[PDB]
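Next come the chains, spelled out residue by residue.
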Amino acid sequence: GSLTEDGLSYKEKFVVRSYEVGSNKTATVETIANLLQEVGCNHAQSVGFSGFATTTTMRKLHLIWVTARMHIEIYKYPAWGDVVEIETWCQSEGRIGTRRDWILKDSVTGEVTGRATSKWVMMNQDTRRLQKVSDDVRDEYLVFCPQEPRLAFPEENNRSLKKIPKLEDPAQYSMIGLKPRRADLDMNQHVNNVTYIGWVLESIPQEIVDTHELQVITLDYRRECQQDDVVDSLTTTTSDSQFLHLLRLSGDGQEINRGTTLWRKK
Amino acid sequence: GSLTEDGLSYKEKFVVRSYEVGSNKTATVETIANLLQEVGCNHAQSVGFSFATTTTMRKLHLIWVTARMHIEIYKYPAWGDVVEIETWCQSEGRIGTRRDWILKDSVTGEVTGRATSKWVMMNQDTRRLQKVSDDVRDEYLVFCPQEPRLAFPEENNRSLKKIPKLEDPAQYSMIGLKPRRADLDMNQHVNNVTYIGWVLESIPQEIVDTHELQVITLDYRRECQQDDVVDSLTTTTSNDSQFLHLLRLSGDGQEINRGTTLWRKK
Ligand SMILES: Cc1nccn1-c1cccnc1
Ligand SMILES: Cc1nccn1-c1cccnc1
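The numbering shown runs from 1 along each chain in the order of its written sequence and may not match that of the entry; residues for which no coordinates exist are omitted. Numbering of ligands from 1 and lettering of chains from A proceed in the order in which they are written. Values reported for side chains reflect all heavy atoms of the structure, with hydrogen atoms and water molecules removed beforehand.

### Structural notes on the environment of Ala27(A)
Residue and element names in this part refer to chain A. You can see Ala 27 is positioned in the loop between β2 (10-15) and α1 (29-46). Think of it in three bands: residues with accessible area under 20% of the maximum for their type are buried, residues over 50% are exposed, and the middle band is partly exposed, with areas taken using a 1.4 Å probe on protein chains only. Its relative accessible area of 3% is what places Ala 27 among the buried residues. Between the alpha carbons of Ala 27 and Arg 17 there is a distance of 8.3 Å; along the sequence they are 10 residues apart. Any pair of residues with heavy atoms lying within 4.5 Å of one another is described as a contacting pair. Every residue in contact with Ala 27, bar those within four places of it in the chain, is listed here: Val 16, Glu 20, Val 21, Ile 32, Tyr 77 and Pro 78. The way it works is that DSSP assigns letters per residue, a run of H or I at least four long becomes a helix, a run of E at least two long becomes a strand, and they are numbered from the N terminus.

### As for the site of ligand 2
All names here are of chain B. For each residue, the test is whether any non-hydrogen atom lies within 4 Å of the molecule or strand; if one does, the residue is near. Within the structure, ligand 2 sits among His 43, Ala 44, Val 47, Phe 49, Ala 52, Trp 64, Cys 89, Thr 97, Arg 99, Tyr 140 and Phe 143. Any N or O atom pair separated by 3.5 Å or less is treated as a polar contact, with the protein-specific requirement of one donor-capable and one acceptor-capable atom, and with residues adjacent in sequence counted only for side-chain atom pairs. Between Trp 64 and ligand 2, the recorded distance is 2.9 Å, taken from a side-chain N or O atom to a nitrogen atom. Within the side chain of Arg 99, a nitrogen or oxygen atom sits 3.2 Å from a nitrogen atom of ligand 2. Shrake-Rupley sampling with a 1.4 Å probe provides the accessible areas, and residues are treated as covered by the protein chains on show and by no other component. Expressed as a share of its isolated accessible area of 320 Å², the protein-covered part of ligand 2 is 98%. Among the secondary structure elements, those contributing two or more residues to the shell around ligand 2 are α1 (29-46) and β5 (96-105). Classification used: nonpolar for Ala, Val, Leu, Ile, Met, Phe, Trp, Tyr, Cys and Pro, charged for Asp, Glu, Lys and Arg, polar for all others including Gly. In terms of residue class, the shell around ligand 2 is made up of 8 nonpolar, 2 polar and 1 charged.

### Here's the deal with the site of ligand 1
Residue and element names in this part refer to chain A. Around ligand 1 sit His 43, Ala 44, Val 47, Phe 49, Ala 53, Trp 65, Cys 90, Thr 98, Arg 100, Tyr 141 and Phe 144, and that is every residue in its neighbourhood. At a separation of 2.9 Å, a nitrogen atom of ligand 1 approaches a polar side-chain atom of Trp 65. Across the complex, the protein chains shield 97% of the 320 Å² of accessible surface that ligand 1 would expose by itself. When contributions to the shell around ligand 1 are tallied by element, the ones reaching two or more residues are α1 and β5 (97-106). Class assignment of the residues belonging to the shell around ligand 1 gives a composition of 8 nonpolar, 2 polar and 1 charged.

### What to know about the UniProt feature "active site" in chain B
All names here are of chain B. UniProt positions are given in the numbering used here, feature names are shortened, and annotations may be inferred rather than shown by experiment. Under the present numbering, the feature "active site" in UniProt falls on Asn 187, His 189 and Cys 224. The greatest C-alpha distance among the annotated residues, which extend across 38 residues, is 13.7 Å, indicating that they converge on a single site. With respect to the helices, strands and loops of the structure, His 189 is situated in the loop between β8 (172-177) and α4 (192-201). Residue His 189 is classed as partly exposed on the basis of its relative accessible area, which comes to 21%. In this structure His 189 touches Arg 127, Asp 183, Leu 184 and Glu 223, once residues within four positions along its chain are discounted. Topologically, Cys 224 is positioned in the loop between β9 (211-220) and β10 (230-236). In contact with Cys 224, not counting residues within four places along its chain, are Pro 179, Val 190, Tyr 195, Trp 198, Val 230 and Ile 256.

This is the structure in structure tokens:
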């Protein structure tokens, strides 16, 4: 991987692995989401940021960036053995937080095969308290971001910024008692953000997966699932097929995530 | 990746990813096991096998399934490090085949790990194990070294030791483990690496935090179906810590795997 000529974005190529593909012999959305995370980490490392991407003031004040929203749209899933090229960049969104965007391309054709956008908010890693971005922190990372806006989803009033409602009981479908194993944790022993995508998808009926391709997934992150927590995944059809999703703790029913998926007939 | 000069083995380099590492910032044994599977698949593809089956195997609806996996790691590669893996196959007469691997640090050329696996022929539909016919054995022998080449040559080596059945009550357990879609391969079967993760789930976190896994030997007796539920059982048998393991279906207690692990103090 490498920073582009201007040093304001980063590119990396990936050959899709045998274990990374599903029943259609193309990369799963969880493989795509792991590749997005990987290119994001390699971009942070290439410009001086460390197991977290933090500025100097963030380390001093015990602050971390945490995902608030992930939105991904795939037009073509790369096949096993194919080379996919991913470009990523960060943008400041004033004191609300930061945004990390991605464009996916087929390496042979140069054609855009997917795009993603993610909203990140600042939080104290000890008290878990959300904060707005201080001027000192904002000034420490702005020189690594494009100054003029660069958006993976430019269109005014597009899918990436739509408000998601809370699924009401009874859910049409459910997958209960989901628990993370050690492979679901990252190097800091936190549940990987991609695991939540998998858990959301667990309550989609197998018949939908067998006859449809996932086109869009928007996921809100409200609370983290601890290593010893148990989760219930709920799905209701709102419609192409569209679904409304909810992940909550199995016991008290505390919300951890909410989302929507859009699927196209194969 | 590429076949070596003589065409009797295959080599591939991998850069260890951010999400592939554990709390020590080095690759997990499950990352290692996925890399072994990937280089094995790339070797089969490079010589004309596309499941890795011969022509007669396709005609008779036969597949190779894992009977045993044995892995020894001296050093786990760190995040961002390049690991080089060499793999080859060997005929073991009518019993089945063996796939072996050597792992090296790309910068130093030093052997950092080694693995060996035993495969048996099985009918895809009836699930009936069988010996290798001469017609099948003659179709793959020209792709294997004729003289023996062993990753574990030694006279009394750990890779071929008989594993006993854990007796109830187990010292430790992790109950109700279920596979999600990310645990399945392109043929909708549970990936062989998932069983390694499930075995490790019943090891206490304190052992994982103070020890490094040196050796794991796993026998595969029966497959876990997509809708099955598993219980993982562990009993200490032992400066080094050794454990005996058993995976069985949560309901009837039907054995799916048995194994042993050896851990050394950090
Ligand atoms: C670490 C950080 N905080 C806000 C933005 N970034 C950043 C910018 C460029 C590349 N990698 C990370
Ligand atoms: C397909 C097969 N059956 C037994 C061994 N092999 C083989 C040989 C060489 C490379 N890849 C697989």
